[PDB]
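Okay, query-v7.txt is below, compact mmCIF, C-alpha atoms and all ligand atoms:
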```
# COMPACT_ATOMS: atom_id res chain seq x y z
CA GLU V 2 35.17 44.59 32.76
CA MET V 3 36.33 48.18 31.78
CA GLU V 4 34.98 48.95 35.27
CA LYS V 5 37.49 46.66 37.06
CA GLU V 6 40.18 48.21 34.89
CA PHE V 7 38.86 51.63 35.79
CA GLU V 8 39.08 50.81 39.49
CA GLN V 9 42.56 49.33 39.10
CA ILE V 10 43.90 52.45 37.16
CA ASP V 11 42.26 54.76 39.69
CA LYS V 12 43.79 52.91 42.69
CA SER V 13 47.25 52.79 41.11
CA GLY V 14 46.77 56.47 40.04
CA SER V 15 47.99 55.49 36.54
CA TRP V 16 45.75 57.41 34.05
CA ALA V 17 48.67 59.42 32.79
CA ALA V 18 50.69 56.32 32.02
CA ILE V 19 47.81 54.52 30.40
CA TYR V 20 47.15 57.53 28.24
CA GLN V 21 50.85 57.86 27.22
CA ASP V 22 50.88 54.20 26.40
CA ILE V 23 48.11 54.97 23.86
CA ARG V 24 49.86 58.03 22.41
CA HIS V 25 53.04 55.91 21.97
CA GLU V 26 51.11 53.02 20.29
CA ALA V 27 49.04 55.46 18.07
CA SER V 28 49.28 55.29 14.21
CA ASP V 29 51.58 57.58 12.32
CA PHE V 30 50.53 58.09 8.71
CA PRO V 31 51.64 60.87 6.22
CA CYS V 32 49.75 64.13 5.95
CA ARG V 33 51.58 65.37 2.82
CA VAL V 34 48.58 67.22 1.35
CA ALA V 35 47.88 69.00 4.68
CA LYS V 36 51.47 70.19 4.72
CA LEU V 37 51.60 71.48 1.17
CA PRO V 38 52.52 75.23 1.15
CA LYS V 39 49.22 76.11 -0.51
CA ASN V 40 47.16 74.60 2.39
CA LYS V 41 48.97 76.51 5.11
CA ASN V 42 46.06 78.90 5.58
CA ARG V 43 43.56 75.99 5.69
CA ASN V 44 44.97 74.41 8.87
CA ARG V 45 44.18 75.95 12.29
CA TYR V 46 46.99 74.28 14.25
CA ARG V 47 50.41 73.30 12.90
CA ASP V 48 50.45 70.00 14.84
CA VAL V 49 46.97 68.85 13.82
CA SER V 50 46.50 67.53 10.30
CA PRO V 51 44.39 64.82 8.56
CA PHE V 52 46.26 61.65 7.34
CA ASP V 53 46.24 61.49 3.62
CA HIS V 54 44.54 58.09 3.53
CA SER V 55 41.41 59.26 5.44
CA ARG V 56 41.12 62.93 4.58
CA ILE V 57 37.85 64.24 3.10
CA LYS V 58 38.37 65.69 -0.34
CA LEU V 59 36.12 68.62 -1.39
CA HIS V 60 34.56 67.89 -4.83
CA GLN V 61 36.17 70.83 -6.51
CA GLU V 62 39.02 71.15 -8.98
CA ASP V 63 40.71 74.30 -7.55
CA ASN V 64 41.93 72.74 -4.27
CA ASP V 65 40.14 69.77 -2.69
CA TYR V 66 41.87 70.10 0.77
CA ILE V 67 40.10 70.53 4.12
CA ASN V 68 41.37 69.67 7.56
CA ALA V 69 38.81 66.88 8.04
CA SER V 70 39.04 63.09 8.35
CA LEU V 71 36.65 60.19 7.87
CA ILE V 72 36.66 57.89 10.88
CA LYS V 73 35.07 54.67 9.64
CA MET V 74 34.35 52.25 12.49
CA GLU V 75 33.98 48.96 10.78
CA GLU V 76 32.67 46.55 13.42
CA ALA V 77 30.41 49.26 15.03
CA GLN V 78 29.27 50.20 11.56
CA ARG V 79 29.32 53.99 12.30
CA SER V 80 31.36 56.68 10.44
CA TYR V 81 32.12 60.23 11.61
CA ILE V 82 33.81 63.11 9.91
CA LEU V 83 36.09 64.89 12.45
CA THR V 84 37.31 68.37 11.52
CA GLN V 85 38.78 71.52 13.10
CA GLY V 86 36.76 74.58 13.87
CA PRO V 87 36.35 76.34 10.48
CA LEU V 88 38.75 79.22 9.79
CA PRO V 89 37.48 82.52 8.46
CA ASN V 90 38.52 81.35 4.96
CA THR V 91 37.31 77.72 5.16
CA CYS V 92 33.69 78.16 6.20
CA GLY V 93 32.59 77.83 2.58
CA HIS V 94 34.75 74.62 2.36
CA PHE V 95 33.16 73.30 5.64
CA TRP V 96 29.62 73.66 4.27
CA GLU V 97 30.77 72.31 0.87
CA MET V 98 31.82 69.14 2.70
CA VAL V 99 28.56 68.92 4.69
CA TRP V 100 26.64 69.22 1.43
CA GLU V 101 28.85 66.76 -0.55
CA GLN V 102 29.10 64.18 2.33
CA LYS V 103 25.29 64.34 2.74
CA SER V 104 25.55 64.80 6.48
CA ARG V 105 22.43 65.45 8.44
CA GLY V 106 24.02 66.68 11.67
CA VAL V 107 26.89 68.83 12.88
CA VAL V 108 28.14 68.33 16.43
CA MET V 109 30.06 71.35 17.73
CA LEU V 110 31.72 70.74 21.10
CA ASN V 111 33.46 74.09 21.54
CA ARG V 112 32.59 77.74 21.83
CA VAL V 113 33.78 80.42 19.40
CA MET V 114 35.62 82.14 22.30
CA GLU V 115 37.45 79.99 24.88
CA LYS V 116 40.29 80.76 27.24
CA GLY V 117 40.17 84.38 26.06
CA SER V 118 41.02 83.38 22.42
CA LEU V 119 38.99 82.61 19.22
CA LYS V 120 38.78 78.85 18.65
CA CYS V 121 36.53 78.78 15.71
CA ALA V 122 34.88 81.04 13.10
CA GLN V 123 31.24 82.14 13.43
CA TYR V 124 30.39 79.71 10.56
CA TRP V 125 26.56 79.64 11.00
CA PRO V 126 23.85 82.44 11.17
CA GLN V 127 22.81 83.64 14.63
CA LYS V 128 19.50 85.02 13.45
CA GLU V 129 16.92 84.06 10.96
CA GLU V 130 16.87 87.30 8.85
CA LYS V 131 20.65 87.38 8.46
CA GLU V 132 21.51 84.36 6.33
CA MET V 133 25.13 83.58 5.30
CA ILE V 134 26.24 83.24 1.71
CA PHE V 135 29.51 81.41 0.93
CA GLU V 136 30.22 82.74 -2.53
CA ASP V 137 33.31 80.64 -3.00
CA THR V 138 31.29 77.46 -2.60
CA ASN V 139 28.00 78.90 -3.93
CA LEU V 140 26.05 77.95 -0.74
CA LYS V 141 23.41 79.80 1.31
CA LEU V 142 22.94 79.04 4.95
CA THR V 143 19.92 80.08 7.02
CA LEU V 144 19.00 79.71 10.72
CA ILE V 145 15.55 78.16 10.66
CA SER V 146 15.18 77.84 14.45
CA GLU V 147 16.97 77.12 17.66
CA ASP V 148 16.32 75.36 20.97
CA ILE V 149 18.52 76.81 23.73
CA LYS V 150 19.08 74.58 26.73
CA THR V 151 21.21 75.35 29.77
CA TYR V 152 24.39 73.77 28.47
CA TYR V 153 23.67 73.07 24.85
CA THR V 154 21.63 74.39 21.93
CA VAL V 155 20.12 72.61 18.94
CA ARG V 156 19.57 74.54 15.71
CA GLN V 157 17.91 73.78 12.46
CA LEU V 158 19.91 75.24 9.62
CA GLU V 159 18.90 75.27 5.99
CA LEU V 160 21.62 74.79 3.41
CA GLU V 161 20.93 75.83 -0.20
CA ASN V 162 23.03 74.92 -3.21
CA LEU V 163 22.81 78.26 -4.96
CA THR V 164 23.80 76.43 -8.20
CA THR V 165 20.61 74.27 -8.20
CA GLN V 166 18.46 75.87 -5.51
CA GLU V 167 18.33 72.44 -3.92
CA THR V 168 17.79 72.74 -0.15
CA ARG V 169 18.72 70.49 2.86
CA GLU V 170 18.01 70.60 6.61
CA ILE V 171 21.05 70.32 8.91
CA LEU V 172 20.77 69.88 12.65
CA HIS V 173 23.46 71.64 14.72
CA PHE V 174 24.10 70.34 18.21
CA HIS V 175 26.18 72.86 20.09
CA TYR V 176 27.62 71.76 23.41
CA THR V 177 28.53 75.01 25.14
CA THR V 178 29.84 73.88 28.56
CA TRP V 179 32.68 71.53 27.55
CA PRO V 180 36.00 73.40 28.21
CA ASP V 181 38.92 73.07 25.84
CA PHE V 182 41.29 70.24 27.06
CA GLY V 183 38.58 69.59 29.68
CA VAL V 184 35.72 67.19 30.26
CA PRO V 185 31.86 67.49 30.43
CA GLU V 186 30.37 68.51 33.80
CA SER V 187 29.05 64.95 34.42
CA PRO V 188 28.58 61.65 32.59
CA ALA V 189 24.81 62.33 32.83
CA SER V 190 24.88 65.63 30.96
CA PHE V 191 27.32 64.21 28.35
CA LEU V 192 25.11 61.17 27.73
CA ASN V 193 21.95 63.28 27.69
CA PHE V 194 23.54 65.31 24.92
CA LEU V 195 24.86 62.25 22.98
CA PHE V 196 21.46 60.68 23.23
CA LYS V 197 19.83 63.88 21.90
CA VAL V 198 22.11 63.63 18.88
CA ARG V 199 21.19 59.95 18.32
CA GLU V 200 17.45 60.57 18.83
CA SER V 201 17.58 63.15 16.04
CA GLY V 202 18.52 60.52 13.50
CA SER V 203 21.63 62.48 12.59
CA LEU V 204 23.80 59.34 13.25
CA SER V 205 21.56 57.04 11.30
CA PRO V 206 23.08 55.26 8.28
CA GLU V 207 20.58 56.63 5.75
CA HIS V 208 22.49 60.01 6.10
CA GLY V 209 26.11 60.83 5.28
CA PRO V 210 28.44 60.69 8.32
CA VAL V 211 27.85 63.19 11.10
CA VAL V 212 30.33 66.05 11.21
CA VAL V 213 32.01 66.36 14.65
CA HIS V 214 34.23 69.27 15.57
CA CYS V 215 35.84 71.06 18.51
CA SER V 216 38.56 73.64 17.99
CA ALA V 217 41.18 71.11 16.61
CA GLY V 218 38.73 68.27 15.82
CA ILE V 219 40.61 65.83 18.12
CA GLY V 220 40.35 66.21 21.88
CA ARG V 221 36.67 66.80 22.67
CA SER V 222 35.64 65.32 19.28
CA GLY V 223 37.65 62.17 19.96
CA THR V 224 36.07 61.79 23.42
CA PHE V 225 32.54 62.22 22.04
CA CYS V 226 33.08 59.67 19.28
CA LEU V 227 34.89 57.19 21.51
CA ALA V 228 31.99 57.06 23.97
CA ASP V 229 29.50 56.78 21.04
CA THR V 230 31.27 53.95 19.27
CA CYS V 231 31.93 51.98 22.45
CA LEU V 232 28.21 52.14 23.39
CA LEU V 233 27.29 51.08 19.81
CA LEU V 234 29.65 48.18 19.93
CA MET V 235 28.23 47.04 23.28
CA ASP V 236 24.74 47.52 21.81
CA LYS V 237 25.24 45.23 18.78
CA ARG V 238 26.83 42.44 20.87
CA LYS V 239 25.01 43.02 24.15
CA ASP V 240 28.34 42.12 25.72
CA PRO V 241 29.95 44.98 27.79
CA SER V 242 32.90 42.89 28.84
CA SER V 243 33.76 42.38 25.25
CA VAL V 244 34.47 46.09 24.68
CA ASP V 245 38.02 47.23 25.05
CA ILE V 246 37.87 51.05 25.17
CA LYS V 247 41.64 51.61 24.76
CA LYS V 248 41.68 49.32 21.77
CA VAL V 249 38.66 51.13 20.20
CA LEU V 250 40.49 54.44 20.68
CA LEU V 251 43.62 53.07 18.95
CA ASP V 252 41.39 51.96 16.11
CA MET V 253 39.90 55.43 15.78
CA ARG V 254 43.41 56.95 15.90
CA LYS V 255 44.14 55.04 12.62
CA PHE V 256 41.91 57.61 10.96
CA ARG V 257 42.93 60.89 12.65
CA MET V 258 45.75 61.76 14.99
CA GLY V 259 45.56 62.90 18.56
CA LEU V 260 41.99 61.76 19.40
CA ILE V 261 41.37 62.45 23.11
CA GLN V 262 43.97 65.00 24.13
CA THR V 263 44.28 64.42 27.93
CA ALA V 264 44.37 61.50 30.34
CA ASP V 265 41.29 62.89 32.13
CA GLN V 266 39.26 62.93 28.88
CA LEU V 267 40.18 59.22 28.64
CA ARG V 268 39.16 58.68 32.26
CA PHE V 269 35.95 60.54 31.45
CA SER V 270 35.36 58.33 28.44
CA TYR V 271 35.38 55.28 30.71
CA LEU V 272 32.87 56.85 33.07
CA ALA V 273 30.58 57.80 30.16
CA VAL V 274 30.70 54.28 28.65
CA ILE V 275 30.30 52.59 32.04
CA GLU V 276 27.24 54.78 32.84
CA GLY V 277 25.87 54.53 29.32
CA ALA V 278 26.02 50.73 29.56
CA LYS V 279 23.06 50.79 31.99
CA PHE V 280 20.87 52.15 29.22
CA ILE V 281 22.39 49.97 26.44
CA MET V 282 21.89 46.85 28.64
CA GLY V 283 18.21 47.60 28.84
CA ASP V 284 17.48 49.98 31.68
CA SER V 285 15.59 52.39 29.53
CA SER V 286 14.70 54.50 32.58
CA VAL V 287 18.24 55.87 33.10
CA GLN V 288 17.81 58.12 30.02
CA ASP V 289 15.24 60.23 31.77
CA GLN V 290 17.48 60.21 34.92
CA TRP V 291 20.28 61.61 32.81
CA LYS V 292 17.96 64.24 31.50
CA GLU V 293 16.90 65.27 35.09
CA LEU V 294 20.51 65.32 36.40
CA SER V 295 21.70 67.39 33.48
CA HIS V 296 19.43 70.39 34.35
CA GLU V 297 18.85 71.31 30.67
CA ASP V 298 15.94 73.74 31.15
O1 LIG J 1 39.36 71.57 20.67
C1 LIG J 1 39.82 70.51 21.38
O2 LIG J 1 39.07 69.87 22.03
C2 LIG J 1 41.28 70.17 21.04
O3 LIG J 1 41.63 69.04 20.70
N1 LIG J 1 42.08 71.30 20.92
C3 LIG J 1 43.38 71.46 20.54
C4 LIG J 1 44.20 70.36 20.23
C5 LIG J 1 45.49 70.56 19.83
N2 LIG J 1 46.51 69.69 19.54
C6 LIG J 1 47.61 70.38 19.21
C7 LIG J 1 47.37 71.75 19.27
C8 LIG J 1 46.01 71.87 19.69
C9 LIG J 1 45.24 72.96 20.00
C10 LIG J 1 43.92 72.77 20.45
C11 LIG J 1 43.12 73.92 20.86
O4 LIG J 1 41.93 73.88 20.91
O5 LIG J 1 43.88 74.98 21.12
```

Write out the structure in this file as structure tokens.
Ligand SMILES: O=C(O)C(=O)Nc1cc2[nH]ccc2cc1C(=O)O
Amino acid sequence: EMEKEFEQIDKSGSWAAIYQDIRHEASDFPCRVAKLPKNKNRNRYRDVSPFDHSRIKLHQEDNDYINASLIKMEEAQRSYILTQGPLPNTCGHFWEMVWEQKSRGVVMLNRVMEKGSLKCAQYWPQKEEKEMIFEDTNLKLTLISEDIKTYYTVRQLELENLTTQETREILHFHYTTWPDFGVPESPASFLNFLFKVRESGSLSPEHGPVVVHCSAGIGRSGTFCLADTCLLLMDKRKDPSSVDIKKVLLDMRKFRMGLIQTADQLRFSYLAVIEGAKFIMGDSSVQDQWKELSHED
């Protein structure tokens, strides 16, 4: 069990070493397009770039680059796009990708302001009558409604291709109480939120991959997807002991660098998967426990 390992690592106080072992072992692929001079203003952080092999290309001829990667989890059979928080000049690009990738959901795990700085552009409308137009990408975006909970909010956004007037519904799941380089308040409130996302059908394979972002698209995003894929893997096999969390994280790191940015987010991952396993292994009733613990109203 992951849970014996957890107890071992906790007793020997060795989360930092375990985590460094992963960083050291992590994949190192080229990000030549990210680092082209022309794409300087499309990257939020100098030290966070998509690998060339997994980057999402916009379907445009001017410049197809966005700081986004496709994480394709083969055994689990789930894919995610992970991306940074859109820049003031890449919000058109962001929605271009959502449209082109046919995603149903966007999971946002940061706030616009954190630690007294701006971590992400206001890339979606905050009220119904004030839609956003992205002229560069010829997209309209409209807030259709929102459901504000204590520590997260779900919004229905309408995206219109202004070229064709085709419309799509996007669900936005905005976790608002997950600090940068921090962890969720509890496994229960994390899992409640993850399970909201799943319930919505935004992860389901009849849609494009979900878009996941934090500020860099790696620390909180990586933790969210690691928990999700590990639970999915345990769910298809019904064998918790067969899931090696560290190994699943190295597999995800083949597709984007830097996933899970701190040893405590890794520790937290374990807790989330160990708790989530109760539900996956057929105690349906813990879901509603999670919901009560999380104090969402
Ligand atoms: O948003 C997160 O969860 C996360 O991974 N953030 C960050 C990861 C980063 N790696 C290197 C620089 C850097 C900055 C941030 C940052 O947000 O400043």

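Across V:96, V:176, V:269, V:191, the tightest approach to residue 134 (chain V) is made by V:96 when counting only C-alpha atoms.
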
- request: Would you mind listing the residues within 6 Å of ligand LIG 1 (chain J), counting only C-alpha atoms and all ligand atoms, as a list in words?
  value: residues 46, 48, 49, 181, 182, 215, 216, 217, 218, 219, 220, 221 and 262 of chain V

For C-alpha atoms, I'd like the residues from the last selection saved as a CSV table (one decimal), in the coordinates of the input.
```csv
chain,number,residue,atom,x,y,z
V,46,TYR,CA,47.0,74.3,14.2
V,48,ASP,CA,50.4,70.0,14.8
V,49,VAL,CA,47.0,68.8,13.8
V,181,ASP,CA,38.9,73.1,25.8
V,182,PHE,CA,41.3,70.2,27.1
V,215,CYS,CA,35.8,71.1,18.5
V,216,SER,CA,38.6,73.6,18.0
V,217,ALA,CA,41.2,71.1,16.6
V,218,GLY,CA,38.7,68.3,15.8
V,219,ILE,CA,40.6,65.8,18.1
V,220,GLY,CA,40.4,66.2,21.9
V,221,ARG,CA,36.7,66.8,22.7
V,262,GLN,CA,44.0,65.0,24.1
```

query: So, counting only C-alpha atoms, which residue among V:159, V:252, V:137, V:170 is closest to residue 97 (chain V)?
result: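 Nearest to residue 97 (chain V): V:137.
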
With the cut-off set at 12 Å and counting only C-alpha atoms, tabulate each residue of region 142-245 of chain V with an atom at most that distance from an atom of region 126-133 of chain V, showing the nearest atom pair and its distance in Å to one decimal, ordered by chain and increasing number, as JSON lines.
```
{"residue": "V:142", "atom": "CA", "partner": "V:133", "partner_atom": "CA", "distance": 5.1}
{"residue": "V:143", "atom": "CA", "partner": "V:132", "partner_atom": "CA", "distance": 4.6}
{"residue": "V:144", "atom": "CA", "partner": "V:129", "partner_atom": "CA", "distance": 4.8}
{"residue": "V:145", "atom": "CA", "partner": "V:129", "partner_atom": "CA", "distance": 6.1}
{"residue": "V:146", "atom": "CA", "partner": "V:129", "partner_atom": "CA", "distance": 7.3}
{"residue": "V:147", "atom": "CA", "partner": "V:127", "partner_atom": "CA", "distance": 9.3}
{"residue": "V:154", "atom": "CA", "partner": "V:127", "partner_atom": "CA", "distance": 11.8}
{"residue": "V:156", "atom": "CA", "partner": "V:127", "partner_atom": "CA", "distance": 9.7}
{"residue": "V:157", "atom": "CA", "partner": "V:129", "partner_atom": "CA", "distance": 10.4}
{"residue": "V:158", "atom": "CA", "partner": "V:126", "partner_atom": "CA", "distance": 8.4}
{"residue": "V:159", "atom": "CA", "partner": "V:132", "partner_atom": "CA", "distance": 9.5}
{"residue": "V:160", "atom": "CA", "partner": "V:133", "partner_atom": "CA", "distance": 9.7}
{"residue": "V:161", "atom": "CA", "partner": "V:133", "partner_atom": "CA", "distance": 10.4}
{"residue": "V:163", "atom": "CA", "partner": "V:133", "partner_atom": "CA", "distance": 11.8}
{"residue": "V:173", "atom": "CA", "partner": "V:126", "partner_atom": "CA", "distance": 11.4}
```

field: Shortest interatomic distance to residue 116 (chain V) - which of V:16, V:138, V:180, V:102, counting all atoms listed in the file
entry: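 Between V:16, V:138, V:180, V:102, the residue approaching residue 116 (chain V) most closely is V:180.
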
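Going from CA of residue 278 (chain V) to CA of residue 245 (chain V) covers 13.3 Å.
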
- request: Point out the residue among V:77, V:189, V:23, V:34 with the least atom-to-atom distance to residue 296 (chain V), counting all atoms listed in the file.
  value: V:189

task: Identify which of the residues V:277, V:106, V:51, V:31 lies closest to residue 192 (chain V), counting all atoms listed in the file when measuring atom-to-atom distances.
output: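 Ranking V:277, V:106, V:51, V:31 by distance to residue 192 (chain V), first place goes to V:277.
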
- prompt: Separation of CA of residue 230 (chain V) and CA of residue 249 (chain V), in Å?
  reply: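 A separation of 8.0 Å between them.
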
Distance of CA of residue 240 (chain V) from CA of residue 72 (chain V), expressed in Å to one decimal place: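 Here the two named atoms are 23.2 Å from each other.
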
task: Point out the residue among V:231, V:92, V:260, V:272 with the least atom-to-atom distance to residue 136 (chain V), counting only C-alpha atoms.
output: V:92

message: Can you tell me which residues surround residue 223 (chain V) at a distance of at most 10 Å, considering all atoms listed in the file, apart from same-chain residues fewer than 2 positions away, and format the answer as a PyMOL selection string?
response: chain V and resi 83+213-215+218-221+225-229+250+253-254+257-262+266-267+270

- request: Give me the residues within 8 Å of residue 30 (chain V) as a list in words, counting all atoms listed in the file and dropping any in the same chain fewer than 3 places off.
  value: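 Once the adjacent positions are removed, what remains is residues 52, 53 and 54 of chain V.
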